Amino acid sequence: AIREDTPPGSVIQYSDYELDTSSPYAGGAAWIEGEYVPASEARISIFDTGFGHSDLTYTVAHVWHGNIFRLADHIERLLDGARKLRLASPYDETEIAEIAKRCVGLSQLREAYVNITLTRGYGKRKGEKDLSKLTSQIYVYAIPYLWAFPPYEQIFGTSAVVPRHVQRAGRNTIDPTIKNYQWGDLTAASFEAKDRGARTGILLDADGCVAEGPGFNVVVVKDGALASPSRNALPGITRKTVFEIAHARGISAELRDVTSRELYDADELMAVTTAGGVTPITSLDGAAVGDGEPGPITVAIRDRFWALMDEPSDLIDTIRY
């Protein structure tokens, strides 16, 4: 399915277009080992140490209405993280962008989820343990748009818990600031949230400050100001965008430690991520956040984020199909 239901008045509306049924790449495109191939066919060698050791970094960029959003920023973030991992990219920035945009083209999707993965790769002999012998492998795929939170929740908000049983991985153990596939703590959080009947969980770090959720940054709105955790959390591109919008409106937006107490005391809570953008979190721990309905500042920031996808700018590049 290349589209799914969204609220009628909503700022979020899918684009009307019919997939060609002739092209194999239509509706799913991936690029593996120097070849573009249909997503249904994409496979990687079990012996890639990025699977065996999750020795990888990734980024995802979203395309809405034919436009890729902040793709240059995402690739810059991917390469900064790889350098921290002493992981070396086979391709340069431009080359990676080139592959990504072609992928969306052959995918033929106005709305799509695009993943770029850089892994330590494999050497000649299976299971090799030497960094010297491995050569990094890049994997890129474009698939129908994916929602961290359902679109109806994007308009009307979502429910969350602070998980008691799991905490976010520390900066010195598995750095959350490098986007990674090592989701053990995050998956644990989601299981705890659904046992508690919430849709998600906001995790805390070792000192007890707010960290992030599974797949999203958390932004806390109080006294007409925005705060988001500065440590034990990814530097999300969606978060940077939300802060940019807030500064344009003249609202104070800061990255700092955020106490759990603040989380409970907040006027508005939002979850921000590349897949689905800006989500109101209307309830925390079974209790209403403020009114119980999406906060006005959250509403403003979300509505302008979706607007940004359509207005022409440096941030959005038009995919050519």
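Note that residue numbering follows the sequence shown and begins at 1.
Q: Mean C-alpha B-factor higher for 309 to 317, or for 295 to 303?
A: In the deposited entry, the stretch with the higher C-alpha B-factor mean is 309 to 317.
Q: Take the C-alpha B-factors listed in the entry for 88 to 96 and for 195 to 203, compute each mean, and give the stretch with the larger one.
A: Per the deposited B-factors, the answer is 88 to 96.
Q: Between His165, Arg168, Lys126, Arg239, which one tops the list for C-alpha B-factor in the PDB entry?
A: When the deposited C-alpha B-factors of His165, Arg168, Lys126, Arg239 are compared, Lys126 is largest.
Q: With respect to the C-alpha temperature factors reported in the PDB entry, which of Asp175, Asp223, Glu111, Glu244 ranks highest?
A: Top of the list by C-alpha B-factor: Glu111.
Q: Which third, lowest, middle or highest, does the C-alpha temperature factor of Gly34 belong to within its own chain?
A: According to the entry, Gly34 has a C-alpha B-factor in the chain's highest third.
Q: Where does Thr187 sit by CA temperature factor within its chain: lowest, middle or highest third?
A: CA B-factor rank for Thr187: lowest third.
Q: Among the modelled residues of its chain, does the C-alpha B-factor of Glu212 lie in the lowest, middle or highest third?
A: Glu212: CA B-factor falls in the lowest third of its chain.
Q: Compare the C-alpha B factor of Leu255 with those of the other modelled residues in its chain, then answer lowest, middle or highest third.
A: It falls in the bottom third of the chain.
Q: What third of the chain, by the recorded C-alpha B-factor, contains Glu262?
A: Ranked within chain, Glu262 CA B lands in the middle tercile.
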